[PDB]
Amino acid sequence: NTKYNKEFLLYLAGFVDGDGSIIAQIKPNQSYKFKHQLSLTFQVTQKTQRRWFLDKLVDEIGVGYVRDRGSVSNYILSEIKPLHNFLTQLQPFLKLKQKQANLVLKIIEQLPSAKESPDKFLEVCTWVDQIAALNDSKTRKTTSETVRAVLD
């Protein structure tokens, strides 16, 4: 687990509160025991003409990748272990998205428990709802209620 520079984490936290995103999703998927995937994503979005900035995130964080689609690019970090290491060191300096980062950390630690029992899986989905409530959520479709209707 790499330890990040403090001056870098301070800058990055500011940028993240601005144009970053801490996302938790419940993704419908038949090939899972509970018919859903718990997905977490750290994301920093930026215009493609400035993807050089996002490339430097890949170099400094040491993990993750950049995806271009249209006129816009995104730094993506999804791997649960590095994501937990990174958000642990970024969380103290976040102001607008601190709670989300903490809920994500909380979710990742309780991930193996989430597969064991349907009750635990539902409660973790409840935390995903809390992250969604704190973000500027507009197009959310799958909630813990959706999961509760499936776990029967």
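Each residue number is its position in the shown sequence, starting from 1.
Mean C-alpha B-factor is higher over 106-114 than over the other stretch, the pair under comparison being 106-114 and 82-90. Two stretches are in play, 94-102 and 25-33, and the higher mean C-alpha B-factor belongs to 25-33. Sort the modelled residues of the chain by CA B factor and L40 lands in the lowest third.
Among the modelled residues of its chain, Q49 has a C-alpha B-factor that falls in the highest third according to the deposited record. In the PDB entry, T143 places in the highest third of its chain by CA B-factor. Ranked within its chain, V63 lands in the middle third, by CA B factor from the PDB record.
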